[PDB]
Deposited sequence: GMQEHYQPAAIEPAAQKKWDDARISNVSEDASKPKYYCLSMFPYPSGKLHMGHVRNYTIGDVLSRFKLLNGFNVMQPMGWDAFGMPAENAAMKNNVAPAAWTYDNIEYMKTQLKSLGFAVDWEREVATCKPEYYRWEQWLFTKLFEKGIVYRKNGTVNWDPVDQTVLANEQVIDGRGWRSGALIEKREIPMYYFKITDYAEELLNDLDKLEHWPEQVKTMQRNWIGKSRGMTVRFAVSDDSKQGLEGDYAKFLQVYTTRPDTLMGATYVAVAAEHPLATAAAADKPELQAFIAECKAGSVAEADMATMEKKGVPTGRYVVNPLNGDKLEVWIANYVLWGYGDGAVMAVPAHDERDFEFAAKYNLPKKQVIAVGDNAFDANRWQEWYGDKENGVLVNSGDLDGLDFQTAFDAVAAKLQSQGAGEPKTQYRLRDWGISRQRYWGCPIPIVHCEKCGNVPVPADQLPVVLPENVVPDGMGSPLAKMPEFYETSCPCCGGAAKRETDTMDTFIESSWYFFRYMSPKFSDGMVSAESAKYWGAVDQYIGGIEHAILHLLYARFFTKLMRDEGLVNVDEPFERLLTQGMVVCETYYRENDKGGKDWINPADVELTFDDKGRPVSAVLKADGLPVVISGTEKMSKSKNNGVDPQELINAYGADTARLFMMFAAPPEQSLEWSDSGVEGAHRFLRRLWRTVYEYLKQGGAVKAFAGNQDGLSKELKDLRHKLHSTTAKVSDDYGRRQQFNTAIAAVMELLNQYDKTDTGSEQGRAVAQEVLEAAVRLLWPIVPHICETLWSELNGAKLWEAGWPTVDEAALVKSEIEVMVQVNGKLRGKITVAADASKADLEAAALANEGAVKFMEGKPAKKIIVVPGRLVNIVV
């Protein structure tokens, strides 16, 4: 054993030893119990970043822990390869997105390998390969024939200068983010998943996920946004029917989740596209401009509530079917055509949004609910205004005194009896639009024939291969400019036809890759039936919180789709869900005629004062801490951390600095501290072996050990129990590291020089290297080989010796008849050592 710890010598050797033993190349061995630990696979952007390293270290800690406990562990990795990064990198560098992608995959693969992740590389997948995406094209065609995938016209934001379609998040004040030109709303045909047909299943199945964070479940329930409410029809007043046709001349229908407050509606509001708005604005230019400004909007859903609510009165009136009151119709910008009936009632007394709207325009507020003896104030909003469970109706006529649910049913009865409304269930969830006007994505397996219509490609002809010999320019989607791709024969009639040129939303590939890992070379289906039956579902899933809504809902949706196709036997893809925090770092710049400088290119000025540039030496200015990004150039390249300290130090620093959910602050001092602990770990074993070498670890009956060695064995088996619970239950690895640190501290203060002392020392070290192996496997594998000849993974996870956790009875008489023992005896004077104590009073 070499005296000093050198990661560059031991890490490649350990990886070679793990690869040769093929410990991570697992099969459907029904002898060992299966465990499927999955981290979210990355985009092949070029290099690993520290977010990657944190995620895949967390995934590897859990995997190695379960491996040491005798599980058949699958930890697969792969590449989420389609998407815009490759297309933009293609435009900037004049390279094909495929070539750029495969280069990144090779570089990042070697980086992941140098980090020591116990990955089954034989199960590797790349979603941009035809052997992957042929199967989502296949599922597409099956769902398309069933109607779960349909084609319908939709509205998109078109940029006329950049010649591409933009998302709402990419539109700034009506203009494209890069071009700066006014976007144009255009109606074009697109494809959709009917995810709304699975809404009730997606919502209810969330209750099965007892090992999911409650906030993720809450966020998904709110996204689906189911509501049990009431359809209500307000008769149009006889003076307000000018210009309306059909049922819009008869009534204005709205949806409401608060029918118990119908007595308190003081106005109604319609969408800009509602026929009432059209007929009212017919002679009023102000309303026409308000309708136009509404249509021109491009508000993202994460900003719909932050949008200022504006409205204009129309001069039209409707009648409340419960109290006869005449109510004015307003055009409002928060009423969305396509949600419900595109019309809502407003109760400013018991809905906060209605309260602010009515306060802006001085519209009436009528209290109809009371909660306790609370005073109602028509000028200040109070939280109890919106109370449903605790309130009781007032000012509501014969409905006074009822709670929410009995008022709901009573209003439903009155409405249904006179035909004015009925109960209705609604969902905020929209159907999933998957068409993309991009090149670097999975082609849509539809052929357009003017005789046969939209024809799905036959299963024999799949895949539709995306041609990789393409360098996107910058004047529209390249596939629509390639007749060599889109000119084809109809597979129903043989006539001239045109392939679909739009590609699929890249969320589709990540909605099922966890099943493809089960059988990634299966040529006869998405996943082989024997593999899906053995691996079942993912036991542990790790990834960032930014994917808690869309990706997770998509993955759950796809699982139920594949289940209903007969491909899988699970309702839910992920059993346990751990979400990792962000990585943040200080920022630095130097002013321009700012240009942010990377932290690794900077040294800082015993107390730290200021910072300077490394190459030069003249000062730089230090800014605030925030998430690592290209925006402020504060991303710390993990490769430089590997090169400076080794992979074990990188893995230790990220697991010790913060719990997985908390944000991790980059610290040069912290990284050095982790490296010093590994040096200490190395020195502890080395010094131990140099005074005697290895012995048989202490085992069994510890009666006869000294108190100091009994206390060290108590610390050992308490640390083993603590660490085991931090890995398996709390998933809090920083405290597990601290606990091993405390075990080593007590070991250091214990004289382990005797024969029984060496045996307890051997036991302590053999446990501490196995306890740390999931976090720092390279140095622990090396240290274990010097301590013990058995294979580390076959020695197994350390067991807790309950006998070491037990601590080590005298009589006490008063006046004859029934230091250490005197203190407790007086809590019930000469003391015979160990047997009797006598109270001499």
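What the model leaves out of the deposited chain are the segments 1, 595 to 597, 610 to 613, 817 to 818, 829 to 840, 851 to 864.
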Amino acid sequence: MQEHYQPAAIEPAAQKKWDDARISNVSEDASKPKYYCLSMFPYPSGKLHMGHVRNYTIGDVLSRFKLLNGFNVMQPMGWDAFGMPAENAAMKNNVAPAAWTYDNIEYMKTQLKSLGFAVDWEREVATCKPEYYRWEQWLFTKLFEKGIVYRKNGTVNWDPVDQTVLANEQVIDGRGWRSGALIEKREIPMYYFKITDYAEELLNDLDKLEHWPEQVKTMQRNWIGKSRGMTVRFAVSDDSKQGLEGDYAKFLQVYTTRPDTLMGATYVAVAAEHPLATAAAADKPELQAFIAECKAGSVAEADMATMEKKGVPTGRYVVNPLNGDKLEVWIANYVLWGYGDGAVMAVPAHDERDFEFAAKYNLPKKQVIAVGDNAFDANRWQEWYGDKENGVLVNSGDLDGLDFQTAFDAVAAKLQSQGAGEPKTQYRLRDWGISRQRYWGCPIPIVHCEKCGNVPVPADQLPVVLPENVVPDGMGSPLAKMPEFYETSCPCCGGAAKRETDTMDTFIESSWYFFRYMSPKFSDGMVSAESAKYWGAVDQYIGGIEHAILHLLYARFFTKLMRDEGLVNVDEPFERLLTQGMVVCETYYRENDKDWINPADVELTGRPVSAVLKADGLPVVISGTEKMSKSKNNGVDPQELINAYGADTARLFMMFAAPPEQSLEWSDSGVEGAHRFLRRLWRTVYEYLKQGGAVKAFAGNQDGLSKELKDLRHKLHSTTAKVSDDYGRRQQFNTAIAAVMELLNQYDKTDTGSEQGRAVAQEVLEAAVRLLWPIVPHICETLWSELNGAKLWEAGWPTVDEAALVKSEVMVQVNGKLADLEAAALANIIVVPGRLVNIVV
From here on, numbers count along this sequence of modelled residues.
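C-alpha atoms forming the largest set that superposes within 1.5 Å between two forms make up the rigid core.
Note on 337 to 345 and 283 to 291: with rigid core alignment, C-alpha atoms in 8 other deposited structures of this protein sit farther from this form for 283 to 291.
Taking 617 to 625 and 705 to 713 in turn, the stretch whose Cα atoms are more displaced from the shown form in 8 other deposited structures of this protein following rigid core superposition is 617 to 625. Missing-residue comparison: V685 falls in the unmodelled set for none of the other PDB entries checked, so it is not missing from a third of them.
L641, present in the displayed chain, carries coordinates in each of the other PDB entries compared that cover both sides of it, far from a third leaving it out.
The deposited model assigns a higher average Cα B-factor to 368 to 376 than to the other stretch when 368 to 376 and 670 to 678 are compared. Two stretches are in play, 32 to 40 and 798 to 806, and the higher mean C-alpha B-factor belongs to 798 to 806. The entry lists C-alpha B-factors for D648, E286, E352, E201, and the highest of these is at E286.
Highest CA B-factor among the listed residues (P275, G474, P456, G543): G474.
Looking at the C-alpha B-factors along this chain, the one for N815 belongs to the highest third. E210: CA B factor lies in the lowest third for its chain, per the PDB record. Remark: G180 belongs to the highest third of its chain, ranked by C-alpha B-factor as recorded.
Among the modelled residues of its chain, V26 has a C-alpha B-factor that falls in the middle third according to the deposited record. In the PDB entry, a CA B factor belonging to the lowest third of its chain's modelled residues is recorded for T559.
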